[PDB]
Colleague: 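Okay, here's the structure, questions in a sec.
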Amino acid sequence: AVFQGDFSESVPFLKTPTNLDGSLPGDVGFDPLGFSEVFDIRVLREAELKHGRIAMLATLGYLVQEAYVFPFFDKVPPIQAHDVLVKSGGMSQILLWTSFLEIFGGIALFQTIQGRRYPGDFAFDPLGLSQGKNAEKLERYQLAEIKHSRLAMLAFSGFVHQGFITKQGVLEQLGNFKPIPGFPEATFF
Amino acid sequence: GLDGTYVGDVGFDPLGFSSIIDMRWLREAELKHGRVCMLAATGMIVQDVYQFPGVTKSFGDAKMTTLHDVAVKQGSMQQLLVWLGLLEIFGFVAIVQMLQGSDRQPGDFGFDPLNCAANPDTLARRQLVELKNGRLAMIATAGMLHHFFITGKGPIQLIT
Amino acid sequence: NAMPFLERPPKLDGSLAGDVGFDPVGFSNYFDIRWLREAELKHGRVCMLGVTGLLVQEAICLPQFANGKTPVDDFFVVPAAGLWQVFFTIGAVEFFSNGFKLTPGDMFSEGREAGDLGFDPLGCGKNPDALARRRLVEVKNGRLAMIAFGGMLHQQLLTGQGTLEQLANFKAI
Ligand code: CLA
Ligand code: CLA
Ligand code: CLA
Ligand code: KC2
Ligand SMILES: CC1=C(C#C/C(C)=C/C=C/C(C)=C/C=C/C=C(C)/C=C/C=C(\C)C#CC2=C(C)C[C@@H](O)CC2(C)C)C(C)(C)C[C@H](O)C1
Ligand SMILES: CC1=C(C#C/C(C)=C/C=C/C(C)=C/C=C/C=C(C)/C=C/C=C(\C)C#CC2=C(C)C[C@@H](O)CC2(C)C)C(C)(C)C[C@H](O)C1
Ligand SMILES: CC1=CCCC(C)(C)[C@H]1/C=C/C(C)=C/C=C/C(C)=C/C=C/C=C(C)/C=C/C=C(C)/C=C/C1=C(C)CCCC1(C)C
């Protein structure tokens with residue numbers, strides 16, 4: 001805001017979102033269309049983390065699935081694997097167990113709505129990372145988790161879409177990089 | 001409805017647009033059209049003089065509007081719509097925040113990378129320049145395109 | 001407690017054996033703990049015999065009754081009469097024990113504790129300290145028996161091998 005004004009850190013032009021405060025981790029203040037105003041921030045935070053935690057595993061997997069396949073499973077481009085496993089019924093097994101865990105999760109969301117638990121804490125810290133000795137680290141880690149999650153969700157999105165246009169696997173695209181098919185060759189007119 | 005405070009006010013609103021529409025909107029619009037037209041005019045003139053490295057082969061000689069009809073097939077135009085649209089959604093938030101009471105003045109996105117407006121006085125002179133060049137640019141762009149429609153010729157070519 | 005995240009269910013209390021506070025769904029809030037406790041022991045007790053039966057029956061068949069390729073098949077190869085005879089014998093045992101107080105409100109109206117049929121023909125409930133520990137062992141083995149039976153049976157219906165047999169040749173789908 002070249003003219004002086006009170007304003008949000010991430011975007012100079014817009015005012016700091018109301019009810020958006022530094023307290024949730026990773027708050028650069030960017031909620032340009034308030035969603036936080038329409039729905040509670042804690043319910044939204046639970047979503048950012050859940051999507052992210054799902055995404056972070058997915059980014060690793062799409063890359064790992066390209067390089068390696070468990071021997072019992074066939075090696076196919078990952079998007080194809082979902083079709084193979086869905087016929088196999090492997091995906092139903094992932095769906096059933098993930099749903100069971102989610103039902104416990106849905107109860108915890110209801111508690112998050114009624115005070116009680118902080119968004120996204122399932123108290124899953126089997127290892128001692130951020131243990132009471134390491135309790136200082138939790139604030140820092142929280143920031144990393146949102147940041148890794150925000151990035152992963154963008155990255156997976158990218159890997160899958162880029163892969164559809166290129167028809168080229170992400171590791172392969174890196175090492176051999178080509179324009180979307182036909183562009184060097186094609187003339188629009 | 002027209003008062004001295006807006007920069008560039010010579011008092012010219014014959015059709016009384018100011019009376020029906022918030023000036024803040026009208027101004028944000030005049031600058032936005034102007035900023036786009038200035039770039040458009042520059043581009044149309046640049047395009048005739050130079051082209052990026054592989055461009056001529058894919059598009060050939062099409063220029064001005066014809067290039068757009070050819071460009072859309074490349075998808076160069078789409079990338080431009082998607083990215084420009086993403087900037088615009090923030091721009092819609094900006095107009096909304098400004099229309100809701102807010103600090104931002106119409107047309108201010110906070111882009112001053114070289115700190116050119118740091119002096120308060122110099123900024124005012126620059127603001128008048130920006131509306132005036134922009135008002136000219138829009139007139140020019142329209143002219144170049146109409147000239148194109150009728151002559152089928154790029155503006156530098158028409159001069160040639 | 002069992003779910004760290006959720007608050008421990010209120011009606012759950014340390015008194016019942018094997019209360020780890022695991023009622024995320026909170027059915028206990030809605031229904032009496034005793035009625036549920038009776039069902040949990042009763043499903044667990046029926047299952048304990050269930051698992052024992054699946055293992056025994058594949059190995060042993062009455063000369064009197066025909067044998068099925070699977071313990072599950074043995075239920076089918078048995079005459080129709082046998083099932084209905086047993087079904088009635090079992091129902092009566094329910095009647096005698098519950099004193100005809102079968103419905104949830106009726107049962108327990110005259111005390112009866114929870115899930116107690118007063119069956120200790122061999123006297124083992126003589127000492128209280130063992131009886132608690134015995135209650136915890138009973139409920140844990142009953143829940144384990146519920147899960148195992150479901151597994152032994154579903155694998156048998158699917159594969160068709162016997163539970164002991166399935167170990168000898170896994171033959172995964
Ligand atoms: C722990 C419980 C459990 C059990 C009993 C099963 C059972 C099964 N799963 Mg698995 N699964 C589970 C949890 C479980 N799932 C979880 C939590 C996930 C992640 C969400 C998955 C993800 C998954 C996928 C992605 C797939 C399956 C498939 C299958 C089926 C094929 C079995 C097989 O590969 O041949 C027999 C198994 C082997 C030869 C592998 C070796 C297993 C060793 C010998 C046993 C070790 C103990 C075992 C893991 C039990 C753990 C619990 C125990 C310690 C108490 C089978 C019905 C597949 C399917 O649908 O079939 C096509 C499939 O593609 N599952
Ligand atoms: C679209 C461009 C645009 C816009 C939004 C404005 C807006 C404004 N001008 Mg600027 N102006 C422009 C172009 C523009 N001007 C050009 C090209 C010139 C040079 C000729 C000027 C010269 C000028 C002077 C000298 C002054 C203004 C002033 C003003 C303000 C009050 C005038 C008013 O109420 O009318 C608003 C203007 C319009 C509504 C434009 C109407 C254009 C035609 C007639 C509309 C026809 C309908 C249209 C084709 C439908 C299609 C729309 C569709 C694409 C969505 C206002 C902020 C005054 C000021 O600063 O006050 C503070 C002032 O003194 N203007
Ligand atoms: C959930 C329990 C359950 C159910 C529904 C069945 C059902 C069946 N069994 Mg199996 N069986 C069971 C438990 C069970 N059994 C147990 C625990 C054993 C080990 C002793 C056996 C051993 C067994 C054999 C060896 C055979 C069967 C057979 C059969 C079928 C004919 C009925 C019969 O002859 O009963 C047989 C019943 C018994 C031998 C004992 C009754 C089971 C328990 C102990 C009754 C509980 C009553 C009471 C509440 C417990 C208090 C006493 C306690 C001290 C034990 C039928 C499908 C026959 C068949 O079809 O095979 C081809 C057959 O040959 N069963
Ligand atoms: C960032 C500056 C830049 C811009 C903004 C830009 C825009 C466009 C557009 C937009 C409308 C099209 C459609 C287009 C098309 C092609 N470009 Mg080009 N291009 C740029 C830079 C380079 C470089 C550095 C190279 C290059 C090439 C090619 C080839 C190759 C195959 C061919 O020649 O058939 C084709 C088809 C390579 C080459 O071989 O050039 C002779 C090469 O080295 N470009 N290019
Ligand atoms: C914040 C903010 C804003 C914003 C914003 C934005 C930009 C929001 C963008 C959000 C995005 C992009 C969220 C993306 C989530 C992606 C996920 C969860 C991926 C899941 C993948 C899975 C489950 C998978 C998989 C797979 C695997 C792993 C491998 C395969 O073999 C199989 C399979 C395909 C199944 C704006 C201004 C708009 C408004 C606002 O005022 C505030
Ligand atoms: C924000 C922030 C941080 C950050 C960050 C980062 C690093 C963000 C990076 C974001 C990026 C790179 C986003 C990229 C968007 C690209 C798009 C939408 C392309 C669309 C293509 C289209 C529409 C097309 C097309 C088409 C064309 C052209 C023609 C057709 O023939 C073909 C085709 C269909 C392909 C982090 C987490 C570090 C921390 C922090 O807490 C906050
Ligand atoms: C009449 C009839 C019909 C046809 C003929 C017939 C077959 C002879 C007869 C028999 C019918 C019969 C008797 C059919 C028998 C049917 C049965 C007993 C099915 C049991 C299903 C149990 C399941 C799915 C338990 C899953 C456990 C889980 C998810 C554990 C979760 C866990 C929890 C909660 C806590 C810790 C975390 C984990 C470890 C995750």
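Atom set for the values below is all heavy atoms of this structure, side chains included, hydrogens, waters and symmetry mates excluded. All chains are named by letter (A, B, ...) in the order of the sequence lines, taking the proteins before the strands, and each is independently numbered beginning at 1.
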Colleague: May I ask you to check whether over 12 heavy atoms, not counting those of B:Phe111, lie within 6.0 Å of atom CZ?
Modeller: no

Colleague: For residues 114-125 of chain A, which residue pairs qualify under side-chain hydrogen bond (donor to acceptor under 3.5 Å, both in side chains), counting only residues two or more places apart or in two chains?
Modeller: A:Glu46-A:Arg117, A:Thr112-A:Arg117, A:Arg116-C:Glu7, A:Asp125-A:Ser130

Colleague: Kindly give the heavy-atom pair with the smallest separation between A:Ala1 and A:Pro12, and that separation in Å.
Modeller: N-CB, 3.4 Å

Colleague: Can you confirm whether A:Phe3 is buried at CZ, in the sense that more than 12 heavy atoms of other residues, nucleotides or ligands lie under 6.0 Å from that atom?
Modeller: yes

Colleague: To the closest 0.5 Å, what do you measure between CD1 (A:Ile165) and CZ (A:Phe183)?
Modeller: 6.5 Å

Colleague: Kindly say whether A:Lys15 contributes a backbone atom to a donor-acceptor pair with the side chain of B:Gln97 at under 3.5 angstrom?
Modeller: yes

Colleague: I need the full list of side-chain hydrogen bond (donor to acceptor under 3.5 Å, both in side chains) pairs touching residues 127-136 of chain B, with sequence neighbours left out, sorted by first then second residue.
Modeller: B:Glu30-B:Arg135, B:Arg35-B:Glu130

Colleague: So, A:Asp21 versus A:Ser23: side-chain donor-acceptor pair below 3.5 Å or not?
Modeller: no

Colleague: Between the side chain of A:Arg150 and the main-chain N/O of A:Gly26, is any donor-acceptor distance below 3.5 Å?
Modeller: yes

Colleague: Can C:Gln166 and C:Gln155 be counted as having a side-chain donor-acceptor contact under 3.5 angstrom?
Modeller: yes

Colleague: Of the non-hydrogen atoms in B:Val93 and A:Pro32, which two are nearest, and what is the gap between them?
Modeller: CG1-O, 3.0 Å

Colleague: Output the distance between atom CZ (A:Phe104) and atom CZ (C:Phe5), rounded to the nearest 0.5 Å.
Modeller: 7.5 Å

Colleague: Say whether, by atom type as modelled, one donor and one acceptor occur between the side chain of A:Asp31 and the main chain of A:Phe35 under 3.5 angstrom.
Modeller: yes

Colleague: Out of B:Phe109, B:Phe92, B:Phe90, which residue meets the ring-ring contact (aromatic ring centres under 6.0 Å, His included) rule with A:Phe13?
Modeller: B:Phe109

Colleague: State the CE-CZ distance between B:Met77 and A:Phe188, to the nearest 0.5 angstrom.
Modeller: 11.5 Å

Colleague: Counting only heavy atoms from other residues, nucleotides and ligands, does the tally under 6.0 Å from CG of B:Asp3 exceed 12?
Modeller: yes

Colleague: May I have the list of side-chain donor-acceptor pairs in residues 57-68 of chain A shorter than 3.5 Å, sequence neighbours left out?
Modeller:
| residue | atom | partner | partner atom | Å |
| --- | --- | --- | --- | --- |
| A:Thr59 | OG1 | A:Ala55 | O | 3.4 |
| A:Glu66 | OE1 | A:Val170 | N | 3.0 |
| A:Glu66 | OE1 | A:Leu171 | N | 3.1 |
| A:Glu66 | OE2 | A:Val170 | N | 3.1 |

Colleague: Where is the tightest heavy-atom contact between B:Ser18 and B:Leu26, given as atom of each residue plus distance?
Modeller: CA-CD1, 3.7 Å

Colleague: Do C:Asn1 and C:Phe22 come within less than 4.5 Å of each other through their side chains, counting heavy atoms only?
Modeller: no

Colleague: Verify, without hydrogens or angle tests, whether B:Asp48 (side chain) and B:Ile156 (backbone) share a donor-acceptor contact under 3.5 angstrom.
Modeller: yes

Colleague: Got a list of side-chain donor-acceptor pairs under 3.5 Å for residues 80-91 of chain A, not counting sequence neighbours?
Modeller:
none

Colleague: If a pair satisfies side-chain hydrogen bond (donor to acceptor under 3.5 Å, both in side chains) and one of its residues is in residues 76-88 of chain B, list it, with sequence neighbours excluded.
Modeller: B:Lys32-B:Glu88, B:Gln79-B:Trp83

Colleague: Taking all non-hydrogen atoms of both residues, which atom of B:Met23 and which atom of B:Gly1 are closest, and how far apart?
Modeller: CG-O, 3.8 Å

Colleague: For A:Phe70 and A:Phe72, I'd like to know if the aromatic rings sit close, meaning centre-to-centre distance below 6.0 Å.
Modeller: yes

Colleague: Assess whether side-chain contact (heavy atoms from CB on, under 4.5 Å) is satisfied between B:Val49 and B:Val46, documenting all intermediate values.
Modeller: CA-CA 5 Å; B:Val49 307; B:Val46 172; 4.3 Å; yes

Colleague: Would you mind reporting whether B:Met144 and B:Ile45 have side-chain heavy atoms less than 4.5 Å apart?
Modeller: yes

Colleague: With distance as the sole criterion, is a donor-acceptor pair present between the side chains of C:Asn169 and C:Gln161 under 3.5 Å?
Modeller: yes

Colleague: Please report the shortest heavy-atom distance between C:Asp73 and C:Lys69, naming the atom on each side.
Modeller: OD2-N, 3.4 Å

Colleague: Within the distance-only criterion (no hydrogens, no angle test), does the side chain of A:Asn134 pair as donor or acceptor with the backbone N or O of A:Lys137 below 3.5 angstrom?
Modeller: no

Colleague: If you define the side chain from C-beta out and look only at heavy atoms, does anything of B:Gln47 sit under 4.5 Å from B:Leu67?
Modeller: yes

Colleague: Give the C-alpha distance, both sets of side-chain angles, the deciding distance and a yes or no for side-chain contact (heavy atoms from CB on, under 4.5 Å) between B:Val7 and B:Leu128.
Modeller: CA-CA 6 Å; B:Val7 291; B:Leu128 181 59; 5.5 Å; no

Colleague: Are any non-hydrogen side-chain atoms of A:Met56 and A:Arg53 less than 4.5 angstrom apart?
Modeller: yes

Colleague: Hey, mind stepping through A:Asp40 and A:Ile113 against side-chain contact (heavy atoms from CB on, under 4.5 Å) and telling me if it holds?
Modeller: CA-CA 8 Å; A:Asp40 187 300; A:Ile113 303 179; over 6 Å; no

Colleague: I'd like to know whether CZ of B:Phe12 has more than 12 heavy-atom contacts from other residues, nucleotides or ligands below 6.0 angstrom.
Modeller: no

Colleague: Donor-acceptor check, side chain of B:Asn115 to backbone of B:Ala118, threshold 3.5 angstrom: yes or no?
Modeller: no

Colleague: Minimum heavy-atom separation for B:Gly11 to B:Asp9, with atom names?
Modeller: N-OD1, 2.6 Å

Colleague: Using the six-membered ring wherever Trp is involved, compare the ring planes of B:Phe52 and B:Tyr50 and label them parallel, tilted or perpendicular (cut-offs 30° and 60°).
Modeller: tilted

Colleague: At what distance, to the nearest 0.5 angstrom, does CZ of B:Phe59 lie from NZ of B:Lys73?
Modeller: 9.5 Å

Colleague: side-chain hydrogen bond (donor to acceptor under 3.5 Å, both in side chains): which pairs involve residues 98-110 of chain B, sequence neighbours left out?
Modeller: B:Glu28-B:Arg104

Colleague: Run A:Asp74 and A:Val69 through side-chain contact (heavy atoms from CB on, under 4.5 Å) and show every step you take.
Modeller: CA-CA 7 Å; A:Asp74 306 0; A:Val69 58; 5.9 Å; no

Colleague: Using a 3.5 Å distance criterion without hydrogens, assess whether the side chain of A:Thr166 forms a donor-acceptor pair with backbone atoms of A:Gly163.
Modeller: yes

Colleague: Side chains of A:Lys167 and A:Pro181: does their closest heavy-atom pair fall under 4.5 Å?
Modeller: no

Colleague: What I'd like to find out is whether the side chain of B:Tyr6 reaches to under 4.5 Å of the side chain of B:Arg24, using heavy atoms alone.
Modeller: yes

Colleague: I'd like to know if the side chain of A:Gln111 reaches the main chain of A:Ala108, judged simply by a donor and an acceptor atom lying under 3.5 Å from each other, with no hydrogens or angles considered.
Modeller: no

Colleague: How long is the gap from OG on A:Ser8 to CG on A:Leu14, to the nearest 0.5 Å?
Modeller: 7.0 Å

Colleague: Less than 4.5 Å apart, any side-chain heavy atom of B:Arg27 and any of B:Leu31?
Modeller: yes

Colleague: Do the non-hydrogen side-chain atoms of C:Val72 and C:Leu153 ever get within less than 4.5 Å of each other?
Modeller: yes

Colleague: In Å and rounded to the nearest 0.5 Å, what is the CZ to CE distance from B:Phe148 to B:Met44?
Modeller: 9.0 Å

